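Colleague: Input: one structure, supplied below.
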Amino acid sequence: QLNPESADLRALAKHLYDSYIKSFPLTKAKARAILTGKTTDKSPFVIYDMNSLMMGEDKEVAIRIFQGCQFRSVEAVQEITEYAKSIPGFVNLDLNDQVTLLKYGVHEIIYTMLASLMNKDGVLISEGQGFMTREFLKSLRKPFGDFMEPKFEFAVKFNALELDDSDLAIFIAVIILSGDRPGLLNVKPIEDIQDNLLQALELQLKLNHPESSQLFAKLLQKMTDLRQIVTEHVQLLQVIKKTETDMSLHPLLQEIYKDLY
Amino acid sequence: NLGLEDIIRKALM
Ligand SMILES: *c1ccc([N+](=O)[O-])cc1C(=O)Nc1ccncc1
């Protein structure tokens, strides 16, 4: 069981973890410390209704929200791309397949990292300075009230797997090396890498999660839920076009949504 | 998104 081949998989897990720490300053451990109220450095303010929203103040509306959250996500996309450079074999793939892998993968990784910011009560905002409640978000007028609730539904179940940053480093690498993306030119060298990452993930979860039989399968099922969240955005855009009701939104709420995804 | 592909292509440089 401990042999040259398993040692190589442990080495790959550590290489990915080290690169993950270098690439992503916003770790899961950091997010959870704030959520469970462990960090006494300027604790986050809770925004749970319109009155607290106003006390928290420190070209359709929805389209502007999406333009703004995509702009605020540029740094995350850059961090993800830097991380992908550290995955052995990735930079040797055809450049167009590297771009294709990242253009679909970044959205799923952003949602994975957004889950770290979420619990059943709400989500961290304003660089950890604020906490926006789930039920306040859900209470807002259509179509805005429906934006975030399926991501909370995903995050609560995802967080119950109790993955740590060591796990997440390999899981995110597996997401990037998805051989089933549309428009990929050479699928086999991608699959070759992903199969090695999958072996490394399998071993990592056995060593790190004695409590969870079928955790490997359950985590692979989550990749299915991530893709569905992304494709639900197309439907959300259609709901916005169709919407024949007032879609005005408080500017502070617009600002909060631009911090989400 | 062509803009997103642009950001990725430059970060890959
Ligand atoms: C940005 C800000 C908020 C929301 N939202 O509440 O649903 C969405 C976005 C956004 O642009 N999300 C996105 C996901 C996947 N692909 C493209 C965009």
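In the structure tokens, the first chain shown is A, the next is B, and so on; residue numbers restart at 1 for each chain, and ligands run from 1 in the order shown.
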Return as a list in words the residues belonging to chain B that are within 9 Å of chain A, counting only C-alpha atoms.

Modeller: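 Using only C-alpha atoms, chain B residues at most 9 Å from chain A: residues 1, 4, 5, 7, 8, 9, 10, 11 and 12 of chain B.
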
Colleague: Write the residues of the preceding selection, restricted to C-alpha atoms, as a JSON list (two decimals), in the first residue's frame.

Modeller:
```json
[["chain", "number", "residue", "atom", "x", "y", "z"],
["B", 1, "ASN", "CA", -17.60, 35.19, -23.36],
["B", 4, "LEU", "CA", -13.51, 36.10, -20.43],
["B", 5, "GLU", "CA", -11.40, 34.15, -22.94],
["B", 7, "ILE", "CA", -8.62, 37.51, -19.56],
["B", 8, "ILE", "CA", -7.66, 33.82, -19.54],
["B", 9, "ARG", "CA", -5.39, 34.05, -22.58],
["B", 10, "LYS", "CA", -3.47, 36.96, -21.03],
["B", 11, "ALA", "CA", -3.22, 35.32, -17.61],
["B", 12, "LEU", "CA", -1.76, 32.31, -19.44]]
```

Colleague: Can you tell me which residues come within 10 Å of ligand 1 when counting only C-alpha atoms and all ligand atoms, ideally as a PyMOL selection string?

Modeller: (chain A and resi 62-73+103-104+106-108+110-111+137+143-151+226-234+236-237+254-261) or (chain B and resi 1+4)

Colleague: Looking at only C-alpha atoms, which of A:163, A:205, A:223, A:16 is the one that sits closest to residue A:29?

Modeller: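 The shortest atom-to-atom distance to residue A:29 comes from A:163.
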
Colleague: Considering only C-alpha atoms, state which residue in the set A:59, A:134, A:14, A:142 is at the smallest distance from residue A:244.

Modeller: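 Smallest separation from residue A:244 among the options: A:142.
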
Colleague: Using only C-alpha atoms, find the one residue out of A:45, A:154, A:24, A:90 that sits nearest to residue A:125.

Modeller: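 Distance minimum relative to residue A:125 lands on A:45.
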
Colleague: Which distance in Å separates atom CA of residue A:141 and atom CA of residue A:247, to one decimal?

Modeller: 7.6 Å

Colleague: If you run DSSP over the backbone, which residues in chain B end up helix (DSSP H, G or I)? Put them as an NGL selection string.

Modeller: :B and (2-11)
